[PDB]
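Novice: Starting from these lines, generate the structure:
(one chain, ligands or ions: 1)
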Amino acid sequence: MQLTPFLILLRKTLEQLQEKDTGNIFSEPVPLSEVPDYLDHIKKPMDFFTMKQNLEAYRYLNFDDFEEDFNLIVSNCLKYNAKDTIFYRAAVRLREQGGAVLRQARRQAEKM
Ligand SMILES: Cn1c(=O)c(=O)n(C)c2cc(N3CCOCC3)c(NS(=O)(=O)c3ccc4c(c3)CCCC4)cc21
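Specialist: Residues are numbered from 1 along each chain as shown. Pasting the structure now:
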C-alpha cells in the first residue's frame, strides 16, 4: 500500500461513503448467482469492494475517476431496480448522503 496525501484522502472518503451504507448492500458486487439477468442491463457493475481494490492497486489517479465509480454504484442500482424497492430507496439515500461526503472531500483534493 503506497502512501500519498491523495491516496489517504481517498481511503478516508471511501470509508465515509461505506458508513452511509448502513445495510452493507453496496459492500460487494451484486451477486450474479442470485440475479442471472443483471449483466443484461448493467454494463459496468460497481461496489465498494471493487472500489477499494482499485484504490489499493493505485488505479484512481484523480478524484474524478473515484467519484465516477461511486456514481455507478448509485446509478446502476436506480437503473436495475423498481422505484418501490428497498434497494432503490437505499440508492437515493446514498446519493444524497454520499454527495455531501464527496463535496467536502473534493474540496480537500483540489488543494493538493
Ligand atoms: C439485485 N440487487 C441489486 O440490483 C442491487 O442494487 N443491490 C444493492 C443488491 C444487493 C444484494 N445484496 C443485499 C444483501 O447484502 C448483499 C448484497 C442482492 N442480493 S440478493 O440475494 O438478490 C437480495 C438480498 C436481500 C434482499 C433482496 C435480495 C430483495 C429485497 C429484500 C432483501 C441483490 C442486489
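
Novice: Return the residues in contact with the residue positioned nearest the centre of the chain.
Specialist: Using Cα atoms, centre = their mean, the residue of the chain that lies closest to the mean C-alpha position is residue 70, 3.0 Å off. Contacts for residue 70 were tallied using Cβ atoms under 8 Å, 6 or more residues apart in numbering; they are 17, 46, 51, 98, 102. C-beta coordinates here come from the backbone N, C-alpha and C atoms, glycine included.

Novice: do that again at 7 Å, thanks
Specialist: Residues near residue 70 by Cβ atoms under 7 Å, 6 or more residues apart in numbering: 17, 98, 102.

Novice: tell me which residues of the longest helix seen in the chain are tucked away?
Specialist: Determined from DSSP state H, the single longest helix within the chain is helix 86-110. Neighbour counts over helix 86-110 (16 or more other Cβ atoms under 10 Å) mark 87, 88, 90, 91, 94, 95, 98, 101, 102, 105, 109 as buried.

Novice: Contact residues of this structure facing the ligand?
Specialist: Applying Cβ under 6 Å from any ligand atom, we find that the chain lies next to the ligand at 24, 25, 26, 30, 31, 34, 35, 77, 80, 81, 86, 87.

Novice: ranges for the helices of this protein?
Specialist: Under DSSP H, the chain gives helices at 5-20, 38-41, 48-56, 63-80, 86-110.
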